[PDB]
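In: got a structure for you, letters missing:
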């Protein structure tokens, strides 16, 4: 076939019922994630080729960067709760990996203040039980699939993208191949 299990994707031994149609995992400590977000715009190019009726989910993970990693996962919950993902994704990535100005919770908070979310609003979100359940969701989705590496994308809880089996000589070709794959997997 043109798309074979074990080549552009792998299939879960342990299918995950009720999973989000398109489920993506990342860490602000994850260097490829930085590329995936900053250079490649994977999520965006996937969305642009996804069909009718299909929602896209992106979660943060704990297994990188110790205590800050966990803080970052609570902060991403805050970002999801407030709908400010698109205003913090870049400053968080750049603050962790480029400038290295994120070293504690307070620094994570500075990024949201600088992006214009209000202190009160952030601190309330940060401490809200809605954010708690949203942290649990992220953890539970990771656990549902045995996740030990990011970046990672899962389609319908059944298929996992395998970018190591796609040509990387051309970044644009890699993205379309990646996105077309998600599209194939989605129609499956």
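Out: Here it is on my side, so go on. Numbers count the residues shown, from 1 in each chain.
In: so how far is stretch 107-114 off the chain centroid?
Out: 20 Å (CA atoms, centre = their mean, to the nearest Å).
In: Okay, buried residues for it please.
Out: By 16 or more other CB atoms under 10 Å, the buried positions in stretch 107-114 come out as 107-109, 111-112. For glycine as for every other residue, the C-beta is placed from the backbone atoms N, C-alpha and C.
In: got it, and stretch 154-172?
Out: 154-163, 166.
In: Generate JSON lines for those, with secondary structure and distance to residue 144 as supplementary columns.
Out: Listed next are those as JSON lines, based on DSSP: H, G, I helix; E, B strand; the rest coil; distance: CB to CB, whole Å:
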{"residue": "154", "secondary structure": "strand", "distance to residue 144": "9"}
{"residue": "155", "secondary structure": "strand", "distance to residue 144": "14"}
{"residue": "156", "secondary structure": "coil", "distance to residue 144": "12"}
{"residue": "157", "secondary structure": "coil", "distance to residue 144": "7"}
{"residue": "158", "secondary structure": "coil", "distance to residue 144": "12"}
{"residue": "159", "secondary structure": "strand", "distance to residue 144": "14"}
{"residue": "160", "secondary structure": "strand", "distance to residue 144": "12"}
{"residue": "161", "secondary structure": "strand", "distance to residue 144": "16"}
{"residue": "162", "secondary structure": "coil", "distance to residue 144": "19"}
{"residue": "163", "secondary structure": "helix", "distance to residue 144": "21"}
{"residue": "166", "secondary structure": "coil", "distance to residue 144": "25"}
